[PDB]
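S.K.: First, the structure itself, so that you have it in front of you.
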Amino acid sequence: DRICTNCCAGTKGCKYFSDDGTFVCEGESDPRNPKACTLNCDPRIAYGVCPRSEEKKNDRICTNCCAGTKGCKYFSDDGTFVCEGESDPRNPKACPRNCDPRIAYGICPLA
């Protein structure tokens, strides 16, 4: 597509940078506020690197009594068992329990 980006009607959060291997500016227009630049388009830009450095380490405890696995006893960190993961082979179901933080693991029967 056309590289019609601009430092004015950008997206405050991403540091607009140029393909030449050099930075430019940051979005002057936040996806929050309105804007009326009307100039637009700047081939200088390539994209805009939005800083985060914390995207990872969040899913971690994505275990749950609902969408877990039918075979393990999804148990909670509180030192108490919750229930078995009710996620059957190709199970059409998804509770608000998606990645239950309150859980800890899923203790399956050690045969």
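Naming scheme: A, B, ... for chains in displayed order of the structure tokens; residues 1 onward per chain; ligands 1 onward as shown.
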Which residues are near stretch 91-104 of chain A? Cut-off 12 Å, only C-alpha atoms, ignore same chain within fewer than 5 positions. Put them as a PDB file with N, CA, C and O atoms, in the first residue's frame.
M.R.:
```pdb
ATOM      1  N   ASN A  58       2.519 -12.787  30.722  1.00  0.00           N
ATOM      2  CA  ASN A  58       1.121 -12.339  31.003  1.00  0.00           C
ATOM      3  C   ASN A  58       0.170 -13.529  30.821  1.00  0.00           C
ATOM      4  O   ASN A  58      -0.761 -13.709  31.581  1.00  0.00           O
ATOM      5  N   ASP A  59       0.454 -14.302  29.802  1.00  0.00           N
ATOM      6  CA  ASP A  59      -0.372 -15.504  29.484  1.00  0.00           C
ATOM      7  C   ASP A  59      -0.085 -16.592  30.527  1.00  0.00           C
ATOM      8  O   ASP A  59      -1.001 -17.196  31.047  1.00  0.00           O
ATOM      9  N   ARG A  60       1.193 -16.770  30.769  1.00  0.00           N
ATOM     10  CA  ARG A  60       1.765 -17.764  31.741  1.00  0.00           C
ATOM     11  C   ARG A  60       0.768 -18.753  32.378  1.00  0.00           C
ATOM     12  O   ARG A  60       0.756 -19.918  32.030  1.00  0.00           O
ATOM     13  N   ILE A  61      -0.030 -18.256  33.290  1.00  0.00           N
ATOM     14  CA  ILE A  61      -1.043 -19.099  33.990  1.00  0.00           C
ATOM     15  C   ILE A  61      -2.328 -19.237  33.141  1.00  0.00           C
ATOM     16  O   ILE A  61      -3.426 -19.019  33.621  1.00  0.00           O
ATOM     17  N   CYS A  62      -2.169 -19.603  31.889  1.00  0.00           N
ATOM     18  CA  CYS A  62      -3.375 -19.755  31.017  1.00  0.00           C
ATOM     19  C   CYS A  62      -4.134 -21.073  31.152  1.00  0.00           C
ATOM     20  O   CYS A  62      -4.760 -21.575  30.237  1.00  0.00           O
ATOM     21  N   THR A  63      -4.037 -21.577  32.347  1.00  0.00           N
ATOM     22  CA  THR A  63      -4.703 -22.855  32.722  1.00  0.00           C
ATOM     23  C   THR A  63      -6.078 -22.504  33.282  1.00  0.00           C
ATOM     24  O   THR A  63      -6.260 -21.458  33.877  1.00  0.00           O
ATOM     25  N   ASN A  64      -7.007 -23.393  33.058  1.00  0.00           N
ATOM     26  CA  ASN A  64      -8.405 -23.172  33.552  1.00  0.00           C
ATOM     27  C   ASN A  64      -9.267 -24.441  33.609  1.00  0.00           C
ATOM     28  O   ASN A  64      -9.116 -25.345  32.810  1.00  0.00           O
ATOM     29  N   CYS A  65     -10.151 -24.449  34.573  1.00  0.00           N
ATOM     30  CA  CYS A  65     -11.094 -25.584  34.799  1.00  0.00           C
ATOM     31  C   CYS A  65     -12.060 -25.794  33.619  1.00  0.00           C
ATOM     32  O   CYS A  65     -12.616 -26.864  33.466  1.00  0.00           O
ATOM     33  N   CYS A  66     -12.228 -24.769  32.821  1.00  0.00           N
ATOM     34  CA  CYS A  66     -13.138 -24.839  31.641  1.00  0.00           C
ATOM     35  C   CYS A  66     -12.418 -25.301  30.367  1.00  0.00           C
ATOM     36  O   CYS A  66     -12.569 -26.427  29.933  1.00  0.00           O
ATOM     37  N   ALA A  67     -11.648 -24.394  29.821  1.00  0.00           N
ATOM     38  CA  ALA A  67     -10.880 -24.671  28.567  1.00  0.00           C
ATOM     39  C   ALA A  67      -9.483 -25.258  28.831  1.00  0.00           C
ATOM     40  O   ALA A  67      -8.537 -24.970  28.123  1.00  0.00           O
ATOM     41  N   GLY A  68      -9.396 -26.071  29.854  1.00  0.00           N
ATOM     42  CA  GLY A  68      -8.094 -26.709  30.216  1.00  0.00           C
ATOM     43  C   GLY A  68      -7.861 -27.923  29.312  1.00  0.00           C
ATOM     44  O   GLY A  68      -7.650 -27.775  28.124  1.00  0.00           O
ATOM     45  N   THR A  69      -7.901 -29.080  29.922  1.00  0.00           N
ATOM     46  CA  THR A  69      -7.706 -30.386  29.217  1.00  0.00           C
ATOM     47  C   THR A  69      -8.439 -31.483  30.012  1.00  0.00           C
ATOM     48  O   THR A  69      -8.167 -31.662  31.186  1.00  0.00           O
ATOM     49  N   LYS A  70      -9.348 -32.181  29.367  1.00  0.00           N
ATOM     50  CA  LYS A  70     -10.094 -33.268  30.084  1.00  0.00           C
ATOM     51  C   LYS A  70      -9.151 -34.434  30.367  1.00  0.00           C
ATOM     52  O   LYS A  70      -8.950 -35.315  29.552  1.00  0.00           O
ATOM     53  N   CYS A  72      -6.683 -33.592  33.300  1.00  0.00           N
ATOM     54  CA  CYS A  72      -5.915 -33.009  34.446  1.00  0.00           C
ATOM     55  C   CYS A  72      -6.852 -32.283  35.388  1.00  0.00           C
ATOM     56  O   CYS A  72      -7.785 -31.631  34.966  1.00  0.00           O
ATOM     57  N   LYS A  73      -6.549 -32.434  36.649  1.00  0.00           N
ATOM     58  CA  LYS A  73      -7.359 -31.795  37.717  1.00  0.00           C
ATOM     59  C   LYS A  73      -6.900 -30.350  37.917  1.00  0.00           C
ATOM     60  O   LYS A  73      -6.026 -30.097  38.727  1.00  0.00           O
ATOM     61  N   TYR A  74      -7.492 -29.440  37.173  1.00  0.00           N
ATOM     62  CA  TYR A  74      -7.101 -28.003  37.316  1.00  0.00           C
ATOM     63  C   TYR A  74      -7.379 -27.630  38.765  1.00  0.00           C
ATOM     64  O   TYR A  74      -8.493 -27.654  39.250  1.00  0.00           O
ATOM     65  N   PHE A  75      -6.287 -27.313  39.394  1.00  0.00           N
ATOM     66  CA  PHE A  75      -6.246 -26.919  40.822  1.00  0.00           C
ATOM     67  C   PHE A  75      -5.663 -25.527  41.027  1.00  0.00           C
ATOM     68  O   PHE A  75      -4.784 -25.090  40.310  1.00  0.00           O
ATOM     69  N   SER A  76      -6.208 -24.903  42.037  1.00  0.00           N
ATOM     70  CA  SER A  76      -5.799 -23.520  42.420  1.00  0.00           C
ATOM     71  C   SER A  76      -4.671 -23.406  43.454  1.00  0.00           C
ATOM     72  O   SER A  76      -4.553 -24.184  44.385  1.00  0.00           O
ATOM     73  N   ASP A  77      -3.904 -22.375  43.189  1.00  0.00           N
ATOM     74  CA  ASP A  77      -2.711 -21.962  43.994  1.00  0.00           C
ATOM     75  C   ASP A  77      -3.015 -21.789  45.481  1.00  0.00           C
ATOM     76  O   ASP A  77      -2.123 -21.835  46.305  1.00  0.00           O
ATOM     77  N   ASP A  78      -4.274 -21.593  45.773  1.00  0.00           N
ATOM     78  CA  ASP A  78      -4.730 -21.414  47.184  1.00  0.00           C
ATOM     79  C   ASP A  78      -4.539 -22.717  47.992  1.00  0.00           C
ATOM     80  O   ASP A  78      -4.853 -22.771  49.166  1.00  0.00           O
ATOM     81  N   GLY A  79      -4.030 -23.724  47.323  1.00  0.00           N
ATOM     82  CA  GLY A  79      -3.784 -25.049  47.958  1.00  0.00           C
ATOM     83  C   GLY A  79      -5.071 -25.867  47.950  1.00  0.00           C
ATOM     84  O   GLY A  79      -5.279 -26.683  48.827  1.00  0.00           O
ATOM     85  N   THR A  80      -5.898 -25.628  46.958  1.00  0.00           N
ATOM     86  CA  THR A  80      -7.188 -26.371  46.855  1.00  0.00           C
ATOM     87  C   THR A  80      -7.527 -26.681  45.394  1.00  0.00           C
ATOM     88  O   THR A  80      -7.276 -25.882  44.512  1.00  0.00           O
ATOM     89  N   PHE A  81      -8.091 -27.847  45.206  1.00  0.00           N
ATOM     90  CA  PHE A  81      -8.493 -28.318  43.849  1.00  0.00           C
ATOM     91  C   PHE A  81      -9.745 -27.565  43.391  1.00  0.00           C
ATOM     92  O   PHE A  81     -10.617 -27.270  44.185  1.00  0.00           O
ATOM     93  N   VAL A  82      -9.780 -27.285  42.114  1.00  0.00           N
ATOM     94  CA  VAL A  82     -10.928 -26.557  41.512  1.00  0.00           C
ATOM     95  C   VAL A  82     -11.773 -27.587  40.741  1.00  0.00           C
ATOM     96  O   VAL A  82     -12.801 -28.006  41.235  1.00  0.00           O
ATOM     97  N   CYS A  83     -11.332 -27.969  39.569  1.00  0.00           N
ATOM     98  CA  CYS A  83     -12.093 -28.975  38.751  1.00  0.00           C
ATOM     99  C   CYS A  83     -11.210 -29.476  37.603  1.00  0.00           C
ATOM    100  O   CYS A  83     -10.133 -28.959  37.400  1.00  0.00           O
ATOM    101  N   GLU A  84     -11.675 -30.467  36.880  1.00  0.00           N
ATOM    102  CA  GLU A  84     -10.868 -31.006  35.735  1.00  0.00           C
ATOM    103  C   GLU A  84     -11.065 -30.051  34.553  1.00  0.00           C
ATOM    104  O   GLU A  84     -12.108 -29.437  34.440  1.00  0.00           O
ATOM    105  N   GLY A  85     -10.075 -29.943  33.699  1.00  0.00           N
ATOM    106  CA  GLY A  85     -10.217 -29.030  32.525  1.00  0.00           C
ATOM    107  C   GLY A  85     -11.328 -29.663  31.689  1.00  0.00           C
ATOM    108  O   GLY A  85     -11.238 -30.833  31.387  1.00  0.00           O
ATOM    109  N   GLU A  86     -12.337 -28.910  31.335  1.00  0.00           N
ATOM    110  CA  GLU A  86     -13.453 -29.492  30.526  1.00  0.00           C
ATOM    111  C   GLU A  86     -13.275 -29.298  29.024  1.00  0.00           C
ATOM    112  O   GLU A  86     -14.227 -29.319  28.268  1.00  0.00           O
TER     113      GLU A  86
END
```
S.K.: Between A:111, A:49, A:41, A:36, which is the closest to residue A:5 once you count only C-alpha atoms?
M.R.: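 Once distances to residue A:5 are computed over only C-alpha atoms, the minimum belongs to A:41.
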S.K.: Would you compute the distance between atom CA of residue A:9 and atom CA of residue A:55? Give it in Å to one decimal.
M.R.: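 Computing it gives 25.7 Å between the two atoms.
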S.K.: Give me every strand (DSSP E or B) residue in chain A, going by DSSP on the backbone, as a list in words.
M.R.: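 Output for chain A, strand (DSSP E or B) only: residues 15, 16, 17, 18, 22, 23, 31, 33, 45, 46, 47, 48, 49, 73, 74, 75, 76, 80, 81, 82, 83, 84, 103, 104, 105, 106 and 107 of chain A.
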S.K.: What is the distance, in Å and to one decimal place, between atom CA of residue A:47 and atom CA of residue A:1?
M.R.: 12.6 Å
S.K.: With only C-alpha atoms as the basis for distance, which of A:56, A:89, A:71, A:25 is at the shortest distance from residue A:6?
M.R.: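 Residue with the minimum atom-to-atom distance to residue A:6: A:25.
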S.K.: So, counting only C-alpha atoms, which residue among A:27, A:43, A:48, A:109 is closest to residue A:2?
M.R.: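 When distances to residue A:2 are compared using only C-alpha atoms, the smallest one comes from A:43.
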